[PDB]
>>> print(open('upload.csv').read())   # CSV, N, CA and C atoms
chain,number,residue,atom,x,y,z
A,2,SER,N,12.7,-0.7,-54.5
A,2,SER,CA,12.8,-0.3,-55.9
A,2,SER,C,14.2,-0.3,-56.4
A,3,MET,N,15.0,-1.2,-55.9
A,3,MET,CA,16.4,-1.3,-56.3
A,3,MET,C,16.6,-2.6,-57.1
A,4,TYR,N,17.5,-2.5,-58.1
A,4,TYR,CA,17.7,-3.6,-59.0
A,4,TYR,C,19.1,-4.3,-58.9
A,5,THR,N,20.1,-3.7,-58.2
A,5,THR,CA,21.4,-4.3,-58.2
A,5,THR,C,21.4,-5.5,-57.3
A,6,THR,N,22.4,-6.4,-57.5
A,6,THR,CA,22.5,-7.6,-56.8
A,6,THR,C,23.6,-7.6,-55.8
A,7,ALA,N,23.6,-8.6,-54.9
A,7,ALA,CA,24.7,-8.7,-53.9
A,7,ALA,C,24.8,-10.1,-53.5
A,8,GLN,N,26.0,-10.5,-53.0
A,8,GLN,CA,26.3,-11.8,-52.5
A,8,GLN,C,27.3,-11.8,-51.4
A,9,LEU,N,27.0,-12.6,-50.3
A,9,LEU,CA,27.8,-12.7,-49.2
A,9,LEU,C,28.6,-14.0,-49.3
A,10,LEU,N,30.0,-13.9,-49.2
A,10,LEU,CA,30.8,-15.0,-49.4
A,10,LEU,C,31.3,-15.6,-48.1
A,11,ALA,N,31.9,-14.7,-47.2
A,11,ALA,CA,32.4,-15.2,-45.9
A,11,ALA,C,32.2,-14.0,-44.9
A,12,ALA,N,31.9,-14.4,-43.7
A,12,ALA,CA,31.7,-13.4,-42.6
A,12,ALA,C,32.3,-13.9,-41.4
A,13,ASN,N,33.5,-13.4,-41.1
A,13,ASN,CA,34.3,-13.9,-39.9
A,13,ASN,C,33.8,-13.1,-38.7
A,14,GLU,N,34.4,-13.5,-37.5
A,14,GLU,CA,34.2,-12.9,-36.2
A,14,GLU,C,35.6,-12.8,-35.6
A,15,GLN,N,36.1,-11.5,-35.5
A,15,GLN,CA,37.4,-11.3,-34.9
A,15,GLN,C,37.3,-11.3,-33.4
A,16,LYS,N,38.3,-11.8,-32.7
A,16,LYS,CA,38.2,-12.0,-31.3
A,16,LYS,C,39.6,-11.8,-30.7
A,17,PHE,N,39.7,-11.3,-29.5
A,17,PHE,CA,41.0,-11.0,-28.8
A,17,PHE,C,41.4,-12.2,-28.0
A,18,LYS,N,42.7,-12.4,-27.8
A,18,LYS,CA,43.2,-13.5,-27.1
A,18,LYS,C,43.0,-13.4,-25.6
A,19,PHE,N,42.6,-14.5,-25.0
A,19,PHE,CA,42.3,-14.5,-23.5
A,19,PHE,C,42.5,-15.9,-23.0
A,20,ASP,N,43.3,-16.1,-22.0
A,20,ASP,CA,43.5,-17.4,-21.4
A,20,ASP,C,43.8,-17.3,-19.9
A,21,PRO,N,43.0,-17.9,-19.1
A,21,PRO,CA,43.2,-17.7,-17.6
A,21,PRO,C,44.2,-18.7,-17.1
A,22,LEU,N,45.5,-18.4,-17.1
A,22,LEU,CA,46.5,-19.3,-16.5
A,22,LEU,C,46.7,-19.0,-15.0
A,23,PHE,N,46.8,-17.8,-14.6
A,23,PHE,CA,47.0,-17.5,-13.2
A,23,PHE,C,45.8,-18.0,-12.4
A,24,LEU,N,44.6,-17.9,-12.8
A,24,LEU,CA,43.5,-18.4,-12.1
A,24,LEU,C,43.4,-20.0,-12.1
A,25,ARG,N,43.8,-20.6,-13.3
A,25,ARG,CA,43.7,-22.0,-13.4
A,25,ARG,C,44.8,-22.7,-12.6
A,26,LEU,N,46.0,-22.2,-12.6
A,26,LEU,CA,47.1,-22.9,-12.0
A,26,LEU,C,47.1,-22.8,-10.5
A,27,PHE,N,46.8,-21.7,-9.9
A,27,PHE,CA,46.9,-21.4,-8.5
A,27,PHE,C,45.6,-21.5,-7.7
A,28,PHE,N,44.6,-20.8,-8.2
A,28,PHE,CA,43.3,-20.7,-7.5
A,28,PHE,C,42.5,-21.9,-7.9
A,29,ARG,N,42.7,-23.0,-7.2
A,29,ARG,CA,42.0,-24.3,-7.5
A,29,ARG,C,40.8,-24.6,-6.6
A,30,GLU,N,40.7,-24.0,-5.5
A,30,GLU,CA,39.6,-24.3,-4.5
A,30,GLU,C,38.7,-23.1,-4.3
A,31,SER,N,37.4,-23.3,-4.4
A,31,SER,CA,36.4,-22.3,-4.3
A,31,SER,C,35.5,-22.6,-3.1
A,32,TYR,N,35.3,-21.6,-2.3
A,32,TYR,CA,34.5,-21.7,-1.0
A,32,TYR,C,33.5,-20.5,-1.0
A,33,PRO,N,32.3,-20.7,-1.5
A,33,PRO,CA,31.3,-19.7,-1.3
A,33,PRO,C,30.8,-19.6,0.1
A,34,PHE,N,30.8,-18.4,0.7
A,34,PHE,CA,30.4,-18.2,2.1
A,34,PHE,C,29.1,-17.4,2.1
A,35,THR,N,28.2,-17.7,3.0
A,35,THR,CA,26.9,-17.1,3.2
A,35,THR,C,26.9,-16.1,4.3
A,36,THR,N,28.0,-15.7,4.8
A,36,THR,CA,28.1,-14.7,5.8
A,36,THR,C,28.5,-13.3,5.3
A,37,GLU,N,28.8,-12.4,6.2
A,37,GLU,CA,29.1,-11.0,5.7
A,37,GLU,C,30.6,-10.8,5.6
A,38,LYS,N,31.5,-11.5,6.3
A,38,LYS,CA,32.9,-11.3,6.3
A,38,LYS,C,33.6,-12.6,6.4
A,39,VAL,N,34.9,-12.6,6.0
A,39,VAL,CA,35.7,-13.8,5.9
A,39,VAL,C,37.0,-13.5,6.7
A,40,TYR,N,37.3,-14.5,7.6
A,40,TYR,CA,38.5,-14.4,8.4
A,40,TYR,C,39.6,-15.2,7.9
A,41,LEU,N,40.8,-14.6,7.7
A,41,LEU,CA,42.0,-15.3,7.3
A,41,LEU,C,43.1,-15.1,8.4
A,42,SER,N,43.8,-16.1,8.8
A,42,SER,CA,44.6,-16.0,9.9
A,42,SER,C,46.0,-16.6,9.6
A,43,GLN,N,47.0,-16.0,10.3
A,43,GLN,CA,48.4,-16.5,10.2
A,43,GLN,C,49.0,-16.5,11.6
A,44,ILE,N,50.0,-17.4,11.8
A,44,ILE,CA,50.7,-17.5,13.0
A,44,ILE,C,52.2,-17.6,12.8
A,45,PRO,N,53.0,-16.8,13.4
A,45,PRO,CA,54.5,-16.8,13.2
A,45,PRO,C,55.1,-18.1,13.7
A,46,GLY,N,56.2,-18.5,13.2
A,46,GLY,CA,56.9,-19.7,13.6
A,46,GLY,C,58.4,-19.5,13.9
A,47,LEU,N,58.8,-18.4,14.5
A,47,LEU,CA,60.1,-18.1,14.8
A,47,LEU,C,60.4,-18.4,16.3
A,48,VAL,N,61.6,-18.9,16.7
A,48,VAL,CA,61.9,-19.2,18.0
A,48,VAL,C,63.4,-18.8,18.3
A,49,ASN,N,63.6,-18.1,19.5
A,49,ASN,CA,64.9,-17.8,19.9
A,49,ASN,C,65.6,-19.1,20.3
B,245,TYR,N,81.9,-34.0,-8.7
B,245,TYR,CA,82.9,-33.3,-9.4
B,245,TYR,C,84.2,-34.1,-9.4
B,246,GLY,N,84.4,-34.9,-10.4
B,246,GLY,CA,85.6,-35.8,-10.4
B,246,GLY,C,85.3,-36.9,-9.4
B,247,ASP,N,86.0,-36.9,-8.3
B,247,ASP,CA,85.8,-37.9,-7.2
B,247,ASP,C,85.6,-37.1,-5.9
B,248,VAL,N,84.9,-36.0,-5.9
B,248,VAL,CA,84.6,-35.2,-4.7
B,248,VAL,C,83.2,-34.8,-4.8
B,249,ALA,N,82.3,-35.3,-3.9
B,249,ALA,CA,81.0,-34.9,-3.8
B,249,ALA,C,80.8,-33.4,-3.4
B,250,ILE,N,79.9,-32.7,-4.0
B,250,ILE,CA,79.7,-31.3,-3.7
B,250,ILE,C,78.3,-31.1,-3.1
B,251,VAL,N,78.2,-30.4,-2.0
B,251,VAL,CA,77.0,-30.1,-1.3
B,251,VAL,C,76.9,-28.7,-1.0
B,252,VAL,N,75.8,-28.1,-1.1
B,252,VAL,CA,75.6,-26.6,-0.8
B,252,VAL,C,74.6,-26.6,0.4
B,253,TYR,N,75.1,-25.9,1.4
B,253,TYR,CA,74.3,-25.7,2.7
B,253,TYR,C,74.0,-24.3,2.9
B,254,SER,N,72.7,-24.0,3.0
B,254,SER,CA,72.2,-22.6,3.4
B,254,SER,C,71.2,-22.8,4.5
B,255,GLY,N,71.7,-22.8,5.8
B,255,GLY,CA,70.8,-23.0,6.9
B,255,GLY,C,70.5,-21.7,7.6
B,256,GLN,N,69.5,-21.7,8.4
B,256,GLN,CA,69.1,-20.5,9.1
B,256,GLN,C,68.7,-20.8,10.5
B,257,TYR,N,69.4,-20.2,11.5
B,257,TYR,CA,69.0,-20.2,12.9
B,257,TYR,C,68.6,-18.8,13.3
B,258,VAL,N,67.5,-18.7,14.0
B,258,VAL,CA,66.9,-17.4,14.3
B,258,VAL,C,67.2,-17.1,15.8
B,259,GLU,N,67.8,-16.0,16.1
B,259,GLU,CA,68.1,-15.6,17.5
B,259,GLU,C,67.8,-14.1,17.6
B,260,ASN,N,67.5,-13.6,18.8
B,260,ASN,CA,67.0,-12.3,19.0
B,260,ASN,C,65.7,-12.1,18.2
B,261,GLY,N,65.6,-11.2,17.2
B,261,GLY,CA,64.4,-11.0,16.4
B,261,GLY,C,64.6,-11.6,15.0
B,262,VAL,N,65.8,-11.5,14.5
B,262,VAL,CA,66.0,-11.9,13.1
B,262,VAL,C,66.8,-13.2,13.0
B,263,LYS,N,66.7,-13.8,11.8
B,263,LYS,CA,67.4,-15.1,11.5
B,263,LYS,C,68.7,-14.9,10.8
B,264,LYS,N,69.7,-15.7,11.2
B,264,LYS,CA,71.1,-15.6,10.8
B,264,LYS,C,71.5,-16.8,9.9
B,265,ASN,N,72.7,-16.8,9.5
B,265,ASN,CA,73.2,-17.9,8.7
B,265,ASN,C,74.3,-18.7,9.4
B,266,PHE,N,74.3,-20.0,9.2
B,266,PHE,CA,75.2,-20.9,9.8
B,266,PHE,C,76.6,-20.6,9.3
B,267,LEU,N,76.9,-20.8,8.1
B,267,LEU,CA,78.2,-20.6,7.5
B,267,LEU,C,78.5,-19.1,7.3
B,268,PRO,N,79.7,-18.7,7.2
B,268,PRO,CA,80.0,-17.3,6.9
B,268,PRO,C,79.6,-17.0,5.5
B,269,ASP,N,79.9,-15.8,5.0
B,269,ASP,CA,79.5,-15.3,3.7
B,269,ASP,C,79.9,-16.3,2.6
B,270,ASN,N,81.2,-16.5,2.3
B,270,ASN,CA,81.6,-17.4,1.3
B,270,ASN,C,82.8,-18.2,1.8
B,271,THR,N,82.6,-19.4,2.3
B,271,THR,CA,83.6,-20.3,2.8
B,271,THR,C,83.4,-21.6,2.1
B,272,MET,N,84.4,-22.5,2.3
B,272,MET,CA,84.4,-23.8,1.7
B,272,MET,C,85.1,-24.8,2.7
B,273,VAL,N,84.5,-26.0,2.9
B,273,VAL,CA,85.0,-26.9,3.9
B,273,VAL,C,85.5,-28.2,3.1
B,274,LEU,N,86.8,-28.5,3.3
B,274,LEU,CA,87.3,-29.8,2.8
B,274,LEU,C,87.3,-30.8,3.9
B,275,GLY,N,86.5,-31.8,3.8
B,275,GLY,CA,86.4,-32.8,4.8
B,275,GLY,C,86.0,-34.2,4.3
B,276,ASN,N,86.0,-35.1,5.2
B,276,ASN,CA,85.7,-36.5,4.9
B,276,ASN,C,84.3,-36.9,5.3
B,277,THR,N,83.6,-37.7,4.5
B,277,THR,CA,82.3,-38.1,4.8
B,277,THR,C,82.2,-39.3,5.8
B,278,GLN,N,83.4,-39.9,6.1
B,278,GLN,CA,83.5,-41.0,7.1
B,278,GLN,C,84.2,-40.5,8.4
B,279,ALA,N,84.2,-39.2,8.6
B,279,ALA,CA,84.8,-38.6,9.8
B,279,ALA,C,84.1,-39.1,11.0
B,280,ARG,N,84.8,-39.1,12.2
B,280,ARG,CA,84.3,-39.5,13.4
B,280,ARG,C,83.9,-38.3,14.3
B,281,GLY,N,82.6,-38.2,14.7
B,281,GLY,CA,82.2,-37.2,15.6
B,281,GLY,C,81.4,-37.7,16.8
B,282,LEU,N,81.7,-37.3,18.0
B,282,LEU,CA,81.2,-37.8,19.2
B,282,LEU,C,80.0,-36.9,19.7
B,283,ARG,N,78.9,-37.5,20.0
B,283,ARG,CA,77.8,-36.8,20.6
B,283,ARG,C,77.9,-37.1,22.1
B,284,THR,N,78.3,-36.1,22.8
B,284,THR,CA,78.5,-36.2,24.3
B,284,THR,C,77.4,-35.5,25.0
B,285,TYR,N,76.8,-36.2,26.0
B,285,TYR,CA,75.8,-35.6,26.8
B,285,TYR,C,76.2,-35.7,28.3
B,286,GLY,N,76.2,-34.5,29.0
B,286,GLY,CA,76.6,-34.4,30.3
B,286,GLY,C,75.6,-34.9,31.3
B,287,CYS,N,75.9,-34.6,32.6
B,287,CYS,CA,75.0,-35.0,33.7
B,287,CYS,C,74.0,-33.9,34.1
B,288,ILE,N,72.8,-34.3,34.3
B,288,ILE,CA,71.8,-33.3,34.7
B,288,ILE,C,71.9,-32.9,36.2
B,289,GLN,N,71.7,-31.7,36.5
B,289,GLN,CA,72.0,-31.2,37.8
B,289,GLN,C,70.8,-30.6,38.5
B,290,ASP,N,69.7,-31.3,38.5
B,290,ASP,CA,68.5,-30.9,39.2
B,290,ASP,C,68.1,-32.0,40.2
B,291,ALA,N,67.4,-31.6,41.3
B,291,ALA,CA,67.1,-32.5,42.3
B,291,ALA,C,66.1,-33.6,41.9
B,292,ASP,N,65.1,-33.3,41.1
B,292,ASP,CA,64.1,-34.3,40.7
B,292,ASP,C,64.7,-35.5,40.0
B,293,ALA,N,65.5,-35.2,39.0
B,293,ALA,CA,66.1,-36.4,38.3
B,293,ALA,C,67.0,-37.2,39.2
>>> encode(input="upload.csv", output="C-alpha cells")
Amino acid sequence: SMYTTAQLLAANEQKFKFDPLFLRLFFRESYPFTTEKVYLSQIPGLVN
Amino acid sequence: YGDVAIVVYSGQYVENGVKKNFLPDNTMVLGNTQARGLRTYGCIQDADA
C-alpha cells in the first residue's frame, strides 16, 4: 500500500586486496600423502 | 679498476667444530696473474706403494 518510487543505478561490491606471492614463488611442488606422518631429513656436510 | 682487475675472495675452511676464514679480517694482496707457482708432491712412505 505504498506509492513512492525508487530506482537502482549502480551496485558495487567492495573487496580487499589479496595476492599470494609467497606461495606462488616458492611453494611450487605439491605432494599429497595418504599416510599419517611425513618424514623430512637433513644430513650435515662439514669435515675437519 | 683502471688497469687492475679486482677480485673478492671469501672462502671457508672448517676445522674442529666451526668454520674459519682464509684471509684475515681486512687485507689486500697486490700480485700478478701470470705468477709462477710450483705444485710439488713428495714421496710416499708406506710399504704397499
>>> interface_residues(input="upload.csv", of="chain A", to="chain B", cutoff="7 Å", atoms="all atoms listed in the file", output="ChimeraX atom specification")
/A:47-49
>>> write_last_selection(input="upload.csv", atoms="N, CA and C atoms", output="compact mmCIF listing (two decimals), in the frame of the given file")
# COMPACT_ATOMS: atom_id res chain seq x y z
N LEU A 47 58.80 -18.40 14.50
CA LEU A 47 60.10 -18.10 14.80
C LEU A 47 60.40 -18.40 16.30
N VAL A 48 61.60 -18.90 16.70
CA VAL A 48 61.90 -19.20 18.00
C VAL A 48 63.40 -18.80 18.30
N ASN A 49 63.60 -18.10 19.50
CA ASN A 49 64.90 -17.80 19.90
C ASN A 49 65.60 -19.10 20.30
>>> residues_around(input="upload.csv", residues="residue B:265", least_positions_apart="6", cutoff="7 Å", atoms="all atoms listed in the file", output="list in words")
residues 254, 255, 256 and 257 of chain B
>>> atom_distance(input="upload.csv", atom1="atom N of residue B:277", atom2="atom N of residue B:249")
8.8 Å
>>> atom_distance(input="upload.csv", atom1="atom N of residue B:270", atom2="atom C of residue B:245")
21.3 Å
>>> atom_distance(input="upload.csv", atom1="atom N of residue B:252", atom2="atom CA of residue B:274")
12.3 Å
>>> decode(input="upload.csv", residues="stretch 249-274 of chain B", atoms="N, CA and C atoms", output="JSON list (two decimals), in the first residue's frame")
[["chain", "number", "residue", "atom", "x", "y", "z"],
["B", 249, "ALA", "N", 92.65, -5.65, -12.33],
["B", 249, "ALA", "CA", 91.47, -6.45, -12.04],
["B", 249, "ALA", "C", 91.27, -6.58, -10.54],
["B", 250, "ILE", "N", 90.01, -6.56, -10.12],
["B", 250, "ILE", "CA", 89.64, -6.65, -8.71],
["B", 250, "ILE", "C", 88.83, -7.91, -8.49],
["B", 251, "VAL", "N", 89.25, -8.72, -7.53],
["B", 251, "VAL", "CA", 88.56, -9.96, -7.17],
["B", 251, "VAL", "C", 88.35, -9.96, -5.66],
["B", 252, "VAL", "N", 87.18, -10.41, -5.24],
["B", 252, "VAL", "CA", 86.84, -10.51, -3.82],
["B", 252, "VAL", "C", 86.75, -11.99, -3.47],
["B", 253, "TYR", "N", 87.52, -12.41, -2.47],
["B", 253, "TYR", "CA", 87.59, -13.80, -2.05],
["B", 253, "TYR", "C", 87.06, -13.90, -0.62],
["B", 254, "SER", "N", 86.06, -14.76, -0.42],
["B", 254, "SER", "CA", 85.54, -15.08, 0.91],
["B", 254, "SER", "C", 85.40, -16.60, 0.98],
["B", 255, "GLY", "N", 86.47, -17.28, 1.36],
["B", 255, "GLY", "CA", 86.47, -18.72, 1.46],
["B", 255, "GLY", "C", 86.30, -19.18, 2.89],
["B", 256, "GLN", "N", 85.89, -20.43, 3.05],
["B", 256, "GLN", "CA", 85.64, -21.01, 4.36],
["B", 256, "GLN", "C", 86.20, -22.42, 4.41],
["B", 257, "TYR", "N", 87.14, -22.66, 5.32],
["B", 257, "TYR", "CA", 87.60, -23.99, 5.66],
["B", 257, "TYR", "C", 87.21, -24.27, 7.10],
["B", 258, "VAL", "N", 86.65, -25.45, 7.34],
["B", 258, "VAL", "CA", 86.11, -25.81, 8.65],
["B", 258, "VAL", "C", 87.06, -26.79, 9.33],
["B", 259, "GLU", "N", 87.45, -26.46, 10.55],
["B", 259, "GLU", "CA", 88.32, -27.28, 11.37],
["B", 259, "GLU", "C", 87.79, -27.27, 12.79],
["B", 260, "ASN", "N", 88.08, -28.33, 13.54],
["B", 260, "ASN", "CA", 87.49, -28.56, 14.86],
["B", 260, "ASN", "C", 85.98, -28.62, 14.64],
["B", 261, "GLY", "N", 85.19, -27.74, 15.25],
["B", 261, "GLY", "CA", 83.75, -27.79, 15.06],
["B", 261, "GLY", "C", 83.21, -26.70, 14.15],
["B", 262, "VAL", "N", 83.87, -25.55, 14.12],
["B", 262, "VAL", "CA", 83.36, -24.37, 13.43],
["B", 262, "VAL", "C", 84.21, -24.10, 12.20],
["B", 263, "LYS", "N", 83.66, -23.30, 11.29],
["B", 263, "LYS", "CA", 84.36, -22.94, 10.06],
["B", 263, "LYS", "C", 85.01, -21.57, 10.18],
["B", 264, "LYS", "N", 86.20, -21.45, 9.60],
["B", 264, "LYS", "CA", 87.02, -20.25, 9.70],
["B", 264, "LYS", "C", 87.15, -19.60, 8.32],
["B", 265, "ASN", "N", 87.95, -18.53, 8.27],
["B", 265, "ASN", "CA", 88.14, -17.74, 7.06],
["B", 265, "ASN", "C", 89.57, -17.88, 6.57],
["B", 266, "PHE", "N", 89.73, -17.90, 5.24],
["B", 266, "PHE", "CA", 91.07, -17.98, 4.66],
["B", 266, "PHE", "C", 91.87, -16.72, 4.94],
["B", 267, "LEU", "N", 91.44, -15.61, 4.38],
["B", 267, "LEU", "CA", 92.13, -14.35, 4.54],
["B", 267, "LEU", "C", 91.86, -13.77, 5.92],
["B", 268, "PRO", "N", 92.71, -12.87, 6.40],
["B", 268, "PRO", "CA", 92.42, -12.20, 7.67],
["B", 268, "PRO", "C", 91.22, -11.27, 7.55],
["B", 269, "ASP", "N", 90.96, -10.50, 8.60],
["B", 269, "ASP", "CA", 89.78, -9.64, 8.65],
["B", 269, "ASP", "C", 89.69, -8.71, 7.45],
["B", 270, "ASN", "N", 90.65, -7.80, 7.29],
["B", 270, "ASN", "CA", 90.64, -6.85, 6.17],
["B", 270, "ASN", "C", 92.06, -6.68, 5.65],
["B", 271, "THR", "N", 92.40, -7.45, 4.62],
["B", 271, "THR", "CA", 93.71, -7.40, 3.98],
["B", 271, "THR", "C", 93.53, -7.20, 2.48],
["B", 272, "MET", "N", 94.64, -6.98, 1.79],
["B", 272, "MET", "CA", 94.63, -6.74, 0.35],
["B", 272, "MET", "C", 95.95, -7.23, -0.21],
["B", 273, "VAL", "N", 95.89, -7.97, -1.31],
["B", 273, "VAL", "CA", 97.07, -8.60, -1.90],
["B", 273, "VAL", "C", 97.33, -7.99, -3.26],
["B", 274, "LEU", "N", 98.53, -7.44, -3.45],
["B", 274, "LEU", "CA", 98.98, -6.90, -4.72],
["B", 274, "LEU", "C", 99.85, -7.95, -5.41]]
